[PDB]
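Okay, so here's just one chain, in structure tokens, the form deposited in one PDB entry.
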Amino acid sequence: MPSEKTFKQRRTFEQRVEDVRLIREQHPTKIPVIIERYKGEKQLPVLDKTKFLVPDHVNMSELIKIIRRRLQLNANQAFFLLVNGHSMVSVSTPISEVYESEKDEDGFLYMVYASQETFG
């Protein structure tokens, strides 16, 4: 059992763009998201999911709140997220504008998580 590849290495760009077509057709007023494990912090195993939709009227806090239930822990255990593998864990910006500022080549809010805040 290898299981050591990311969504960009597993799915092709066209396949990822094809998924955005259905996400906007079904949810024209929502924001798609693609979060995976951070390369610098490889402690947490593969999450239950890699792509999840989010309401455009929500903020980073609601997105982090969903990742808590997506994972099996809480704020006391460990919760650190960052975009492009080069950011901190900030929460307050509305996903509506945060997505437009952190979109991806295929149209997805690419981000990564970690169980700590140390460097490599």
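When you see a residue number, it is the position in the sequence shown, counting from 1.
As for the form deposited with a partner chain bound, it is not shown, yet the points below apply to it.
Residue contact with its partner chain in the deposited complex: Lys49 places a heavy atom within 4.5 Å of it. Put simply, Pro55 is close to its partner chain in the deposited complex: some heavy atom of it is within 4.5 Å. Using a 4.5 Å cutoff between non-hydrogen atoms, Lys30 counts as a contact of its partner chain in the deposited complex. A residue is said to contact a partner when one of its heavy atoms sits within 4.5 Å of a partner heavy atom; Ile67 meets this definition for its partner chain in the deposited complex.
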